[PDB]
$ cat work.pdb   # PDB, C-alpha atoms
ATOM      1  CA  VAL C 202      -1.509  -3.971 -12.529  1.00  0.00           C
ATOM      2  CA  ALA C 203       0.131  -1.379 -14.787  1.00  0.00           C
ATOM      3  CA  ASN C 204      -0.709   1.538 -12.488  1.00  0.00           C
ATOM      4  CA  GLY C 205       0.607  -0.433  -9.516  1.00  0.00           C
ATOM      5  CA  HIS C 206       3.882  -1.331 -11.222  1.00  0.00           C
ATOM      6  CA  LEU C 207       4.554   2.154 -12.616  1.00  0.00           C
ATOM      7  CA  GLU C 208       4.127   3.645  -9.141  1.00  0.00           C
ATOM      8  CA  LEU C 209       6.605   1.109  -7.759  1.00  0.00           C
ATOM      9  CA  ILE C 210       9.135   1.993 -10.471  1.00  0.00           C
ATOM     10  CA  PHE C 211       8.714   5.695  -9.696  1.00  0.00           C
ATOM     11  CA  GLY C 212       9.266   4.970  -6.007  1.00  0.00           C
ATOM     12  CA  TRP C 213      12.360   2.955  -6.901  1.00  0.00           C
ATOM     13  CA  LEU C 214      13.909   5.787  -8.948  1.00  0.00           C
ATOM     14  CA  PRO C 215      15.380   7.858  -6.054  1.00  0.00           C
ATOM     15  CA  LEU C 216      17.106   4.919  -4.360  1.00  0.00           C
ATOM     16  CA  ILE C 217      18.833   4.248  -7.687  1.00  0.00           C
ATOM     17  CA  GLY C 218      20.096   7.827  -7.606  1.00  0.00           C
ATOM     18  CA  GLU C 219      21.427   7.364  -4.080  1.00  0.00           C
ATOM     19  CA  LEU C 220      23.165   4.135  -5.109  1.00  0.00           C
ATOM     20  CA  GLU C 221      24.695   5.851  -8.146  1.00  0.00           C
ATOM     21  CA  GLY C 222      25.950   8.687  -5.957  1.00  0.00           C
ATOM     22  CA  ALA C 223      27.471   6.101  -3.631  1.00  0.00           C
ATOM     23  CA  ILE C 224      29.158   4.434  -6.620  1.00  0.00           C
ATOM     24  CA  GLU C 225      31.011   7.656  -7.456  1.00  0.00           C
ATOM     25  CA  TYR C 226      32.293   7.730  -3.862  1.00  0.00           C
ATOM     26  CA  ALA C 227      34.422   4.635  -4.563  1.00  0.00           C
ATOM     27  CA  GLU C 228      36.504   6.137  -7.406  1.00  0.00           C
ATOM     28  CA  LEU C 229      38.023   9.025  -5.419  1.00  0.00           C
ATOM     29  CA  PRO C 230      41.828   8.976  -5.930  1.00  0.00           C
ATOM     30  CA  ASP C 231      42.940   9.131  -2.292  1.00  0.00           C
ATOM     31  CA  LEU C 232      45.713   7.273  -0.480  1.00  0.00           C
ATOM     32  CA  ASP C 233      48.869   7.605   1.630  1.00  0.00           C
ATOM     33  CA  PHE C 234      52.593   6.784   1.440  1.00  0.00           C
ATOM     34  CA  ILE C 235      54.688   3.703   2.218  1.00  0.00           C
ATOM     35  CA  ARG C 236      58.221   3.764   3.601  1.00  0.00           C
ATOM     36  CA  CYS C 237      61.101   1.358   4.179  1.00  0.00           C
ATOM     37  CA  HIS C 238      64.630   1.321   5.575  1.00  0.00           C
ATOM     38  CA  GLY C 239      67.800  -0.712   5.150  1.00  0.00           C
ATOM     39  CA  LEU C 240      71.135  -0.775   6.975  1.00  0.00           C
ATOM     40  CA  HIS C 241      74.412  -2.679   6.907  1.00  0.00           C
ATOM     41  CA  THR C 242      77.706  -2.692   8.797  1.00  0.00           C
ATOM     42  CA  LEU C 243      81.280  -3.803   8.148  1.00  0.00           C
ATOM     43  CA  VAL C 244      83.829  -4.444  10.894  1.00  0.00           C
ATOM     44  CA  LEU C 245      87.082  -2.618  10.113  1.00  0.00           C
ATOM     45  CA  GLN C 246      89.831  -3.523  12.592  1.00  0.00           C
ATOM     46  CA  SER C 247      90.392  -4.522  16.209  1.00  0.00           C
ATOM     47  CA  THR C 248      93.288  -4.995  18.609  1.00  0.00           C
ATOM     48  CA  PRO C 249      93.699  -6.256  22.195  1.00  0.00           C
ATOM     49  CA  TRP C 250      94.799  -4.104  25.140  1.00  0.00           C
TER      50      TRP C 250
ATOM     51  CA  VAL J 202     -83.137  -7.819  -9.864  1.00  0.00           C
ATOM     52  CA  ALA J 203     -82.956  -4.038  -9.424  1.00  0.00           C
ATOM     53  CA  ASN J 204     -83.185  -4.542  -5.654  1.00  0.00           C
ATOM     54  CA  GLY J 205     -81.061  -7.691  -5.451  1.00  0.00           C
ATOM     55  CA  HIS J 206     -78.091  -6.254  -7.325  1.00  0.00           C
ATOM     56  CA  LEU J 207     -78.278  -3.081  -5.228  1.00  0.00           C
ATOM     57  CA  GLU J 208     -78.238  -5.108  -2.008  1.00  0.00           C
ATOM     58  CA  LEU J 209     -75.337  -7.163  -3.375  1.00  0.00           C
ATOM     59  CA  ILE J 210     -73.226  -4.127  -4.274  1.00  0.00           C
ATOM     60  CA  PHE J 211     -74.014  -2.501  -0.920  1.00  0.00           C
ATOM     61  CA  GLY J 212     -72.781  -5.673   0.767  1.00  0.00           C
ATOM     62  CA  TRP J 213     -69.660  -5.710  -1.407  1.00  0.00           C
ATOM     63  CA  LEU J 214     -68.848  -2.079  -0.539  1.00  0.00           C
ATOM     64  CA  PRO J 215     -67.251  -2.721   2.902  1.00  0.00           C
ATOM     65  CA  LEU J 216     -64.714  -5.199   1.498  1.00  0.00           C
ATOM     66  CA  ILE J 217     -63.437  -2.496  -0.861  1.00  0.00           C
ATOM     67  CA  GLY J 218     -62.679  -0.473   2.268  1.00  0.00           C
ATOM     68  CA  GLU J 219     -60.194  -2.968   3.673  1.00  0.00           C
ATOM     69  CA  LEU J 220     -58.884  -3.631   0.156  1.00  0.00           C
ATOM     70  CA  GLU J 221     -58.017   0.050  -0.293  1.00  0.00           C
ATOM     71  CA  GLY J 222     -56.588   0.043   3.227  1.00  0.00           C
ATOM     72  CA  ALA J 223     -54.247  -2.794   2.276  1.00  0.00           C
ATOM     73  CA  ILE J 224     -53.356  -0.982  -0.955  1.00  0.00           C
ATOM     74  CA  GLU J 225     -52.379   2.082   1.082  1.00  0.00           C
ATOM     75  CA  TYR J 226     -50.448  -0.170   3.473  1.00  0.00           C
ATOM     76  CA  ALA J 227     -48.443  -1.426   0.488  1.00  0.00           C
ATOM     77  CA  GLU J 228     -47.300   2.138  -0.302  1.00  0.00           C
ATOM     78  CA  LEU J 229     -45.815   2.838   3.147  1.00  0.00           C
ATOM     79  CA  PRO J 230     -42.336   4.322   2.501  1.00  0.00           C
ATOM     80  CA  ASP J 231     -39.880   2.340   4.632  1.00  0.00           C
ATOM     81  CA  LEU J 232     -36.312   1.044   4.254  1.00  0.00           C
ATOM     82  CA  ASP J 233     -33.009   0.116   5.895  1.00  0.00           C
ATOM     83  CA  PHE J 234     -29.336   0.867   5.204  1.00  0.00           C
ATOM     84  CA  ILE J 235     -26.332  -0.796   3.580  1.00  0.00           C
ATOM     85  CA  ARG J 236     -22.659  -0.386   4.407  1.00  0.00           C
ATOM     86  CA  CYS J 237     -19.466  -1.871   2.992  1.00  0.00           C
ATOM     87  CA  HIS J 238     -15.664  -1.878   3.261  1.00  0.00           C
ATOM     88  CA  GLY J 239     -12.509  -2.118   1.168  1.00  0.00           C
ATOM     89  CA  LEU J 240      -8.708  -2.166   1.347  1.00  0.00           C
ATOM     90  CA  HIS J 241      -5.783  -1.897  -1.072  1.00  0.00           C
ATOM     91  CA  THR J 242      -2.082  -2.156  -0.252  1.00  0.00           C
ATOM     92  CA  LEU J 243       1.385  -1.869  -1.797  1.00  0.00           C
ATOM     93  CA  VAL J 244       4.838  -3.149  -0.829  1.00  0.00           C
ATOM     94  CA  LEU J 245       7.547  -0.527  -0.274  1.00  0.00           C
ATOM     95  CA  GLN J 246      10.968  -2.232  -0.166  1.00  0.00           C
ATOM     96  CA  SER J 247      13.036  -4.936   1.521  1.00  0.00           C
ATOM     97  CA  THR J 248      16.675  -5.850   2.247  1.00  0.00           C
ATOM     98  CA  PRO J 249      18.551  -8.893   3.616  1.00  0.00           C
ATOM     99  CA  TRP J 250      20.308  -9.162   6.980  1.00  0.00           C
TER     100      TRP J 250
END

$ encode --input "work.pdb" --output "structure tokens"
Amino acid sequence: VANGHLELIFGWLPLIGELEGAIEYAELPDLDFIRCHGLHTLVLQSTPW
Amino acid sequence: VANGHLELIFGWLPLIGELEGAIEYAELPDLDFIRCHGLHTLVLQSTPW
């Protein structure tokens, strides 16, 4: 049983490395930019014709 | 007695012939063969879906 379990652990080892490498892919500081806009008006004067 | 025992042993002689023949028959070198099998396995991995 010991020889069968040690072999399985050894075979597991590389997948753990791949998963760890994938973990580092999540902490990459990358993003974009957000924008907004605002307007307002004020009627001044008016007259008929 | 000297003649009777001689006749008796001469009559016993032939039986020793077939007895030695059977003894030789018991030494005949013969035999058959034996053959077997076997199998060991090991799981690799698994994931959900």

$ interface_residues --input "work.pdb" --of "chain J" --to "chain C" --cutoff "9 Å" --atoms "all atoms listed in the file" --output "list in words"
residues 243, 244, 245 and 246 of chain J

$ calpha_fit_and_write --input "work.pdb" --fixed "chain C" --moving "chain J" --output "mmCIF file with C-alpha atoms, keeping the file's coordinate frame"
data_model
loop_
_atom_site.group_PDB
_atom_site.id
_atom_site.type_symbol
_atom_site.label_atom_id
_atom_site.label_comp_id
_atom_site.auth_asym_id
_atom_site.auth_seq_id
_atom_site.Cartn_x
_atom_site.Cartn_y
_atom_site.Cartn_z
ATOM 1 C CA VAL J 202 -1.303 -3.410 -12.872
ATOM 2 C CA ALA J 203 -0.035 -1.203 -15.708
ATOM 3 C CA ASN J 204 -0.485 1.830 -13.446
ATOM 4 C CA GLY J 205 0.622 0.188 -10.199
ATOM 5 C CA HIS J 206 3.923 -1.109 -11.547
ATOM 6 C CA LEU J 207 4.624 2.277 -13.142
ATOM 7 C CA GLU J 208 3.999 4.056 -9.836
ATOM 8 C CA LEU J 209 6.203 1.495 -8.078
ATOM 9 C CA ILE J 210 9.128 1.933 -10.472
ATOM 10 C CA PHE J 211 8.775 5.723 -10.318
ATOM 11 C CA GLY J 212 8.990 5.465 -6.534
ATOM 12 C CA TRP J 213 12.011 3.168 -6.784
ATOM 13 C CA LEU J 214 13.829 5.589 -9.114
ATOM 14 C CA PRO J 215 15.092 8.035 -6.426
ATOM 15 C CA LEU J 216 16.825 5.282 -4.434
ATOM 16 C CA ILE J 217 18.888 4.406 -7.513
ATOM 17 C CA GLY J 218 20.134 7.996 -7.392
ATOM 18 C CA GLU J 219 21.750 7.664 -3.978
ATOM 19 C CA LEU J 220 22.887 4.137 -4.869
ATOM 20 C CA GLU J 221 24.801 5.440 -7.893
ATOM 21 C CA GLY J 222 26.087 8.287 -5.730
ATOM 22 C CA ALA J 223 27.518 5.774 -3.266
ATOM 23 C CA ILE J 224 28.971 3.760 -6.155
ATOM 24 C CA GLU J 225 30.755 6.891 -7.385
ATOM 25 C CA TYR J 226 31.890 7.599 -3.817
ATOM 26 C CA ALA J 227 33.507 4.150 -3.769
ATOM 27 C CA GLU J 228 35.658 5.067 -6.797
ATOM 28 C CA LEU J 229 37.206 8.191 -5.236
ATOM 29 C CA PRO J 230 40.980 7.910 -5.868
ATOM 30 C CA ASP J 231 42.702 8.458 -2.516
ATOM 31 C CA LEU J 232 45.743 7.035 -0.705
ATOM 32 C CA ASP J 233 48.594 7.568 1.755
ATOM 33 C CA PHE J 234 52.340 6.864 1.754
ATOM 34 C CA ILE J 235 54.763 4.260 3.087
ATOM 35 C CA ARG J 236 58.376 4.698 4.134
ATOM 36 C CA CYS J 237 61.027 2.337 5.477
ATOM 37 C CA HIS J 238 64.654 2.073 6.618
ATOM 38 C CA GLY J 239 67.647 -0.258 6.585
ATOM 39 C CA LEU J 240 71.263 -0.620 7.713
ATOM 40 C CA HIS J 241 74.192 -2.953 7.037
ATOM 41 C CA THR J 242 77.637 -2.852 8.637
ATOM 42 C CA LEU J 243 81.070 -4.493 8.530
ATOM 43 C CA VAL J 244 83.976 -4.732 10.979
ATOM 44 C CA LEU J 245 87.320 -3.321 9.817
ATOM 45 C CA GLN J 246 90.090 -4.506 12.171
ATOM 46 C CA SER J 247 91.240 -4.644 15.790
ATOM 47 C CA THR J 248 94.436 -4.937 17.864
ATOM 48 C CA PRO J 249 95.311 -5.490 21.550
ATOM 49 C CA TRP J 250 96.837 -2.949 23.935
#

$ atom_distance --input "work.pdb" --atom1 "atom CA of residue C:227" --atom2 "atom CA of residue J:247"
24.2 Å

$ atom_distance --input "work.pdb" --atom1 "atom CA of residue J:248" --atom2 "atom CA of residue C:204"
24.0 Å

$ atom_distance --input "work.pdb" --atom1 "atom CA of residue C:233" --atom2 "atom CA of residue C:220"
26.8 Å

$ axis_aligned_box --input "work.pdb" --around "stretch 227-245 of chain C" --padding-each-side "8 Å" --output "AutoDock Vina command-line options"
--center_x 60.8 --center_y 2.3 --center_z 1.7 --size_x 68.7 --size_y 29.6 --size_z 34.3
